[PDB]
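FYI the Cβ positions are ideal-geometry reconstructions off the backbone, even for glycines, and counts take in every protein chain you see. Each answer follows from the model by the rule given with it, or from the source it names; no laboratory instrument gave them.
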Amino acid sequence: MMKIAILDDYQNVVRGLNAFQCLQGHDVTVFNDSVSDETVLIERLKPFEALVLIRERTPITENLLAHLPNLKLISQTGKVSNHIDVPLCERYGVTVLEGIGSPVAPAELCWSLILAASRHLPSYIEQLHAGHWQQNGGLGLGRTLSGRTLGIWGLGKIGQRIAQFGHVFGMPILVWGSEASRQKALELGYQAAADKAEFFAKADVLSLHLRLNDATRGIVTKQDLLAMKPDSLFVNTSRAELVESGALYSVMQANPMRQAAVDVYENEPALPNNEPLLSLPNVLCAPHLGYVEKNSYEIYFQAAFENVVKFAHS
Amino acid sequence: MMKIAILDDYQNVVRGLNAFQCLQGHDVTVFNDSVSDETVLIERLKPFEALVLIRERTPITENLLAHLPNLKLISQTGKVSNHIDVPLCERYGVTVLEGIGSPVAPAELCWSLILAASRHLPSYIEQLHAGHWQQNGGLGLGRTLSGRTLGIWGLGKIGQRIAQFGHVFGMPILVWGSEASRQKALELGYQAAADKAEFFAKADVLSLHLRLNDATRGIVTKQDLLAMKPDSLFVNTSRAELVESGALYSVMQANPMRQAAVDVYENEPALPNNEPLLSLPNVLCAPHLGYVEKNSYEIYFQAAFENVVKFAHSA
Amino acid sequence: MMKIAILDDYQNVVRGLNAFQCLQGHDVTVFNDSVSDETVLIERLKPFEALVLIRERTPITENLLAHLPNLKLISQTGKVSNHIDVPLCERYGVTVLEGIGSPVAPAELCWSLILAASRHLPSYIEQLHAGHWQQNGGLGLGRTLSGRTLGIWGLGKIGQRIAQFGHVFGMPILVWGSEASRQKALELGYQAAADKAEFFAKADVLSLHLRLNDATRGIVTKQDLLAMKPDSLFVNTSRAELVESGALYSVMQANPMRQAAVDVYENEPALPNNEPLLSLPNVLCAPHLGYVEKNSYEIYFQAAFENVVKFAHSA
Amino acid sequence: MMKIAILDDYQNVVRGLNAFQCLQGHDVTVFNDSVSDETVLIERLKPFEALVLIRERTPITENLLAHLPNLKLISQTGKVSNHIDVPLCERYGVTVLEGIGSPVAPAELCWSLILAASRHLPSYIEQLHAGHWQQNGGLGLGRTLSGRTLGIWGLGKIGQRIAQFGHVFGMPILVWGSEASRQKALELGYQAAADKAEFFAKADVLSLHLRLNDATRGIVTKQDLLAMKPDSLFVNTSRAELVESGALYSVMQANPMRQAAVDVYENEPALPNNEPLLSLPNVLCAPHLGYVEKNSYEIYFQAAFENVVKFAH
């Protein structure tokens, strides 16, 4: 019925979902690489009548829209976000359909990074397979989250789940942000940090859960990072651009006593050749794996593909 | 006062513990390798009066005790276990003192393994450093714990904490084991399985939390493993000997859809090319990390070192 | 005498050929980078009176011809084709002379691709250097050619050599194409396919040996690829544009049990994150190597340089 | 009916063979790692009544048999070889059954390495994937086989197929070996080297197809390799021990313009940390992939698994 491109399925896993059967009858091409040039992208996507987007992996610009005359439908996995403007699409004769957000998989993934980093898990496992029992490349002993203070900035849906995890794991919860967020924190029985200085100085584990906008861009300074404890764990599963550019790498390089766990980067795909954080033994780097999960996918693509079907019948 | 040996400190971290202060004004040597060879051990330990053991890393045999006439004290970190024979030690004039363990670190470590394996975290990270974005060696998508049943065998010190974790992760909790474990599960509001078959049938993630003894040796058969869901996660942070010998390797090797996470092995240290579990991509292997943690070490060694000090003031 | 430019010698090997001595007493510059930016090309080629082209690596456009007034000669390695418009060149006062080329290196290279793809050779080798013995990234076992039907579209100078290769390797030979190709097939004792549908259905290994033109542009459709066996190997050492745009990538991505091997692409140089075929484990991608070979290059350039010196004396 | 271990299935591919169905109703365990340490191996293998061996990947030493009291059967894939002594096995009450082999996959693989090396194909592919168009790590232009002399040492089942490939690729065939091999060569219409020295001097591509024994151990010297053309290709898909120890590395290091293609090594698994040949740009290394192929495996394991079935009655 329609020519459909599915973009940025890096792992080639979309075809393996039960949800994929929803696209029976359509002429479907799944792309699995990452095009940096919009000129190249436009030529590639010219034939297609519908696009299925994977979250924010490809931004939909006016230049993109204006040069895809066959495009009738963009079907978005989850809610439309910063990477897509619906009114703009419609002016170009493109319907945008969307799904719903889900905080479950990202929250779980964030906790996994925190536990892994705190116990030096990747290093210990790699060394086990290298033939060195219970070594981790000189990182020393791992530590419990119990009795350690969990610092949380964004107190949204994901931020609240992480705070719940921390509490049940025996962590004092310290919150910083707007007064409204800190008030919510206090009502939930958590602590509110007196200021940004005290927040960064007191957190043993510090996790960011803020949406990126003009108020939040570079809101975490190098100065903030440098005020953290010498054995602190900094966690960013939200957006790398919340942090002053190159500030994370600089601080982590200077102090092998401290650690960080990240899921997001300034440029993605982030690879050893373009991302200096990947060269540091005290930084745990994950490949934007927050929403990349079996249930998350099935839910995302069930909605996205049904939307294609709904549109196909319209 | 006493010449004291500490065995098996692989990372050489004991000397740096706050607890090491308790041994002020004593002659202390901390060994940092893994020696199983008993004649090497006998030569190493001959001049010592006190031995500090790290959980079960070295066994104390009749051969060892009969050739160590200067040994007067074994100070065990945590409880005595299968690695030591207290009545036999006392027969050779050796006093055995024990400490108290903590379930906090092992519970957190077990959860770390469950989440890491569920999300194929080490594979993804490894592949990233090799230059491949969002690849994990062909293992496919990871899976969430939310709404999947956490089968727990044994609701003791560690198991009860694992249930709390599963609960907050939105997992139903299904408990098997002794009658006492099942009663406790219901009293806490969880589910209790009526029998072993139901427990092995329903569990999506199944985690063992049992003491190893003659009753529990091989209590988990190959039959029970094959009865599990074809996409289940099997978790053992207790003892390898709880499972029928060779049965976990057999199942996991033959069924790549299935997954396991282990922290323990039939022989430790477990080495590649030797431990077969280490060659299976569907089995996450950690080097017995459960109790290997800063606060846990401080607790173990604080009590173990104070026992040495207390024994040393005699008579 | 003449200022001479040689374009697109990526490995800078032309300088080292026996044929290069044929240019003694001329002013020769050999370029090694790939420049498609005509602005850079015009600025680079202004002072030159002759260009020596390496097959189709640079198109000669009116834009180039309009802005290169000192150019008198283009000497083509091999014959002219899609990249050059001889009537248009002469209209700008540019003589185009053509050389000669050999089918041997391309035939041998096509076979090398077929054998490498069949046995997963590059992945096995790469994994070996990465420290993984006898691994190939989860592609499983490779396959012998013996017994498998070799499908050849086009039985010309290259096609005929591929058939002789398949035959000695014990492959049935099935031929599709022009009547002349299929007549040759029967006269050599190979099979002629009844139609294109039978050809795609029955070939285990299918290799294209056609010239690209208005008749053969998009002659392989996506539907043709989809009619192939689920464990088949598709081979293109001819021109990517013979196959419906994007169809090969779409089909290979969808079917990881199928395989492909290509020497040629819609845009060359073909680059990662641009050419989608470069991101599939089941497609072997080579950088247009067919004609890139010692003996082949000696032939190309001896004839091309011969025409240069013939033009010098013409004048 | 019988506890069975299949050793050394590196890629874990045996279970997926159609031939595996021949073991329905048996207790089967497959190992995919590689254990050198016999004390470890002894412990691993104690419970098993039968072993299926994959060619020569594991040797059966006396120390091994002497400590495997439950072992009743060794079912060999293909024929017995250097790794196993049958009357020694019998002396310890162990039955050895051998299966049928196949020369098809090894000959094709040998040929694929010859072409791949001649054209620097794996290097060109790697470079293309890293974004470097038509580069190969500085190995230069490839060469065609047509008109180059193919030298073959050993004219058995594999050597003969290699000669047929060579002939069809337009290669003069020159054979060395015993008078038996050379008679066959001339009878097939090929040529025979007058002495060993002419063979190494004249061959453009030189390929070994010999069994390893007392006669053939180190039969190729450092001096023989040195006698070859500076643009020659040396090919060993038989056994590394046919060539003087460490000699191939020495010649290839010191002469970056010569090239070699190998499928076999002194110690297998051969890894970067134990095999110096792997660090040389002018040596194409494959992980003993001669007999590692679908049809070959189905043939090997069909036979080996039927020998288990037949024995268990």
Exercise. Which ranges mark the strands (runs of 3 or more DSSP E) fully within segment D:227-303 that have 2 or more residues being at positive phi?
Worked result: none
Exercise. Going by the conditions given, is C:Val96 crowded, with 19+ Cβ neighbours inside 10 Å and in contact with a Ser or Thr (Cβ under 7 Å, 6 or more places away or on another chain)?
Worked result: no
Problem set entry | Given (1) more than 10 Å from every other protein chain (Cβ to nearest Cβ); (2) touching a residue at least 60 places away in the same chain (Cβ under 8 Å), number of the condition A:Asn295 does not satisfy | (1)
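Quick grid of which residues meet (1) closer than 23 Å to B:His288 by Cβ; (2) out of contact with any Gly (no Cβ under 9 Å at 6 or more places or on another chain); (3) in the same structural domain as B:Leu289 (by CATH); (4) touching a residue at least 40 places away in the same chain (Cβ under 8 Å):
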residue	(1), (2), (3), (4)
B:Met1	no, no, no, yes
B:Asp8	yes, yes, no, yes
B:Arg15	yes, yes, no, no
B:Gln21	no, yes, no, no
B:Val28	no, yes, no, no
B:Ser36	yes, yes, no, no
B:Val40	yes, yes, no, no
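I need the full set of residues from segment B:167-181 which are away from chain A (no Cβ under 14 Å) and under 23 Å from the mean Cα position of the chain (by Cα), in order please.
Residues of segment B:167-181 that are away from chain A (no Cβ under 14 Å), as a first pass: B:172, B:174-181.
If the condition is that a residue be away from chain A (no Cβ under 14 Å) and under 23 Å from the mean Cα position of the chain (by Cα), then B:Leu174, B:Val175, B:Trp176, B:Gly177, B:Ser178, B:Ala180, B:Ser181 are the ones that fit.
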Exercise. Can you tell me which residue in segment C:4-47 is farthest from C:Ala270 (Cα to Cα), limited to those that are touching a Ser or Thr at 6+ places or on another chain (Cβ under 8 Å) and away from every other protein chain (no Cβ under 14 Å)?
Worked result: C:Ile4
Problem set entry | Condition broken by C:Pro276, with the remaining ones in (1) under 17 Å from the mean Cα position of the chain (by Cα); (2) over 21 Å from C:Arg143 (Cα atoms) satisfied | (1)
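Is it the case, given these coordinates, that C:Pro256 is within 19 Å of C:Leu113 (Cα to Cα), more than 21 Å from the chain's Cα centre (by Cα) and not acidic (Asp, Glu)?
Details: within 19 Å of C:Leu113 (Cα to Cα): yes; more than 21 Å from the chain's Cα centre (by Cα): yes; not acidic (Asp, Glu): yes.
Against the criterion (within 19 Å of C:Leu113 (Cα to Cα), more than 21 Å from the chain's Cα centre (by Cα) and not acidic (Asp, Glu)), C:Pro256 qualifies.
Specify the residue that is farthest from the chain's Cα centre (by Cα); the eligible residues are those in segment B:232-245 that are assigned to a loop (DSSP other than H, G, I, E, B) and within 12 Å of B:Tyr265 (Cβ to Cβ). Can you show your working first?
The initial filter retains those residues of segment B:232-245 that are assigned to a loop (DSSP other than H, G, I, E, B), namely B:232, B:237-239, B:244-245.
If we keep only those that are within 12 Å of B:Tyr265 (Cβ to Cβ) as well, we get B:237-239, B:245.
On the way: B:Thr237: 5, B:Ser238: 5, B:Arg239: 6, B:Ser245: 17 Å.
Top of the filtered list is B:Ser245.
Here is a yes/no grid of residues against (1) under 16 Å from C:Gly290 (Cα atoms); (2) surrounded by 23 or more Cβ atoms within 10 Å (Cβ to Cβ):
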position	(1), (2)
C:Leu210	yes, no
C:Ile219	no, no
C:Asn236	yes, yes
C:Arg239	yes, no
C:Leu242	no, no
For this session: Identify all residues within segment D:292-307 that are surrounded by fewer than 21 Cβ atoms within 10 Å (Cβ to Cβ) and under 21 Å from C:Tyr124 (Cα atoms); write none if there are none.
Result: D:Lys294, D:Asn295, D:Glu298
Exercise. Out of A:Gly246, A:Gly218, which single residue is loosely packed, with under 14 Cβ neighbours inside 10 Å and in contact with a strand residue (DSSP E or B) (Cβ under 8 Å, 6 or more places away or on another chain)?
Worked result: A:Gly218
Exercise. Which of the residues that make up segment D:248-281 are more than 21 Å from D:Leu150 (Cβ to Cβ), under 13 Å from the mean Cα position of the chain (by Cα) and small (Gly, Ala, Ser)?
Worked result: D:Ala270
For this session: For residues that are charged (D, E, K, R) and within 10 Å of chain B (Cβ to nearest Cβ), scanning just segment A:84-122, find the one that is nearest to B:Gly166 (Cα to Cα).
Result: A:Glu108
Problem set entry | Of all residues making up segment C:131-168, the number that are more than 13 Å from C:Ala185 (Cα to Cα) and among the hydrophobic types (A, V, I, L, M, F, W, C) | 7
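Here's the yes/no breakdown for (1) in contact with a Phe, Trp or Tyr (Cβ under 7 Å, 6 or more places away or on another chain); (2) assigned by CATH to the domain that holds C:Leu208; (3) over 22 Å from C:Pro59 (Cβ atoms):
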| site | (1), (2), (3) |
| --- | --- |
| C:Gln253 | no, yes, yes |
| C:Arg258 | no, yes, yes |
| C:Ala270 | no, yes, no |
| C:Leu277 | yes, yes, no |
| C:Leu284 | no, yes, yes |
| C:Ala303 | no, no, no |
| C:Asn307 | no, no, no |
| C:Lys310 | no, no, yes |
Problem set entry | Hits in segment B:12-28 (condition: surrounded by 15 or more Cβ atoms within 10 Å (Cβ to Cβ) and more than 15 Å from B:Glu298 (Cα to Cα)) | B:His26, B:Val28
Seminar exercise, completed: Conditions (1) facing chain C (nearest Cβ under 7 Å); (2) surrounded by 21 or more Cβ atoms within 10 Å (Cβ to Cβ) -> D:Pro272 fails only (2)
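For the condition part of a loop (DSSP other than H, G, I, E, B) and either within 23 Å of D:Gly142 (Cα to Cα) or of a type in the set (A, V, I, L, M) (or both), what is the one hit in D:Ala194, D:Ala201?
Values: D:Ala201 fails: part of a loop (DSSP other than H, G, I, E, B).
Result of the check over D:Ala194, D:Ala201: D:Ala194.
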Exercise. Given (1) out of contact with any helix residue (DSSP H, G or I) (no Cβ under 9 Å at 6 or more places or on another chain); (2) outside the structural domain of D:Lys310 (by CATH), where does D:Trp133 come up short, assuming only one miss?
Worked result: (1)
For this session: Might you check whether a residue that is within 11 Å of chain D (Cβ to nearest Cβ), part of a loop (DSSP other than H, G, I, E, B), farther than 22 Å from C:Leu155 by Cα and among the acidic types (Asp, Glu) occurs anywhere in segment C:247-265?
Result: no
Exercise. Taking C:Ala194 and the conditions (1) in contact with a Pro (Cβ under 7 Å, 6 or more places away or on another chain); (2) away from chain B (no Cβ under 14 Å); (3) in a loop (DSSP other than H, G, I, E, B), which numbered condition does it fall short on, given that it satisfies the others?
Worked result: (1)
Problem set entry | Subset of segment D:123-132 (residues that are within 7 Å of another protein chain (Cβ to nearest Cβ), surrounded by fewer than 19 Cβ atoms within 10 Å (Cβ to Cβ) and on the phi < 0 side of the Ramachandran plot) | D:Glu126, D:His129
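Residue-wise test of (1) touching a residue at least 24 places away in the same chain (Cβ under 8 Å); (2) more than 23 Å from B:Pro103 (Cα to Cα).
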{"site": "B:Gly170", "(1), (2)": "yes, no"}
{"site": "B:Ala192", "(1), (2)": "no, no"}
{"site": "B:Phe200", "(1), (2)": "yes, yes"}
{"site": "B:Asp204", "(1), (2)": "yes, yes"}
{"site": "B:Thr221", "(1), (2)": "yes, yes"}
{"site": "B:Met228", "(1), (2)": "yes, yes"}
{"site": "B:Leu242", "(1), (2)": "yes, no"}
{"site": "B:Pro256", "(1), (2)": "yes, yes"}
{"site": "B:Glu268", "(1), (2)": "yes, no"}
For this session: Consider D:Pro69 carefully, then state whether it is facing another protein chain (nearest Cβ under 9 Å), assigned to a loop (DSSP other than H, G, I, E, B) and more than 28 Å from D:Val262 (Cα to Cα).
Result: no
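Does B:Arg55 meet the test of being basic (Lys, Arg), within 30 Å of B:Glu38 (Cα to Cα), in contact (Cβ under 8 Å) with a residue 12 or more places away in the chain and within 14 Å of chain A (Cβ to nearest Cβ)?
So B:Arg55 fits the description; yes.
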For this session: For segment C:123-130, indicate whether the set of residues that are surrounded by 24 or more Cβ atoms within 10 Å (Cβ to Cβ) and in contact with a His (Cβ under 7 Å, 6 or more places away or on another chain) is non-empty.
Result: no
